[PDB]
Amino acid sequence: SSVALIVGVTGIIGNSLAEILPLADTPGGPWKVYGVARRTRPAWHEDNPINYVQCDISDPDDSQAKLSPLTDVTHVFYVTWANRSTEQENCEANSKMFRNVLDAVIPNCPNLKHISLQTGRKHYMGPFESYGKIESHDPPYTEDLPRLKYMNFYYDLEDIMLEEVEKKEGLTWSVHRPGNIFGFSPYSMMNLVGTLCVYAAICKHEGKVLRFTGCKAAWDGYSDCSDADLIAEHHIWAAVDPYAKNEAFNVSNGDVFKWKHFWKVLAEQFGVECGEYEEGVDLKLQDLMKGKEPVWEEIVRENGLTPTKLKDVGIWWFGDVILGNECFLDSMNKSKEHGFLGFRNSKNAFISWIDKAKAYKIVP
């Protein structure tokens, strides 16, 4: 009898897990689902409501209070993180949160079977702070690569999980390492599609061309990405497949694309003129969208949108970090060899997530 604890339930993956876990034909089902986040749940309709639990996992008292009673939990899906200005700080804050979850859950869940930990491709590249300062691995990235000799909160979380799994015989684990996520959640700290949608909406509102804010390697080189639903399916697969247990796995869509073409897709979905690559002039979202708070609010008012603030949906630093750099590919061989054959057409998926942003009235 399967009982999920989604930690970070309003997040970009938490949300997909929340929609998918309760479906009738979901492997491991029928699933009971608990969902944890700090903010109150948004007032949008759920086809299959989950048991929502308000908790700050960084507080040991609150996590103990909120999660100890949840004694029927079989599977933990850890899909959150704390974003801090230095990687030392990231290790500090992220380790406490994760240890808080495990300390409350492991002693109190007699049927606990599995811990699914989501990290990412920075496993192979090193922390945001190291970018361009540090030698990283040769792509395509495979899971047999050794850890870089530079601190990474991902490594710290893995070690905690391995330690803590020895508390309970039978308890297995998995690690999930996506690249850039194409998904839905206006609650997310890193949401590329959302960010790009808001930018495109503003361009349309102002009668401006959708200028390309990025580098040539992003425009004209190969990129890949990781679909939020596919990632949720990957978590679920590890939860149910014996060949997935006690292994780290990459998750990406199984195809490649170029922003040259995705940018044209974006433009078409918003009815806006498409910018081409601008040589020898460097263009950042952070710069172009500076001071656009009141223009965004005007858009929300004029189109009866969900009332968002520009900083909560236009994650410009994240979009610039992606579009301003070359994309280094990972490999899905290991996933496929262990039995995960899921994939997504990234172009079709992109349109679908843009449509979802419009259906939930984040953008017009």
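A residue's number is simply how far along the shown sequence it sits, counting from 1.
| Selected stretch [higher average CA B-factor]: 61-69 or 323-331 | So the stretch with the higher mean C-alpha B-factor is 61-69.
| message | If you average the CA temperature factors as listed in the entry, which stretch comes out higher, 51-59 or 297-305? | response | That would be 51-59.
| query | Based on the PDB record, which member of 198, 218, 244, 93 exhibits the highest Cα temperature factor? | reply | Of the candidates given, the C-alpha B-factor peaks at 93.
| field | Peak C-alpha temperature factor (PDB record), options 233, 166, 227, 143 | value | So the option with the highest C-alpha B-factor is 166.
| query | What third of its chain's C-alpha B-factors does residue 264 belong to: lowest, middle or highest? | reply | Middle third by C-alpha B-factor.
| query | What third of the chain, by the recorded C-alpha B-factor, contains residue 205? | reply | Tercile = middle for this residue's CA B-factor.
| task | Classify residue 32 as lowest, middle or highest third according to the C-alpha B-factor given in the PDB entry, relative to its own chain. | result | For residue 32, whose C-alpha B-factor we compare with every modelled residue in the chain, the answer is the middle third.
| message | What third of the chain does residue 88 rank in for C-alpha temperature factor, lowest, middle or highest? | response | For residue 88, the deposited C-alpha B-factor lands in the highest third.
| query | Which third, lowest, middle or highest, does the CA B-factor of residue 256 fall in along this chain? | reply | Lowest third of the chain for residue 256's C-alpha B-factor.
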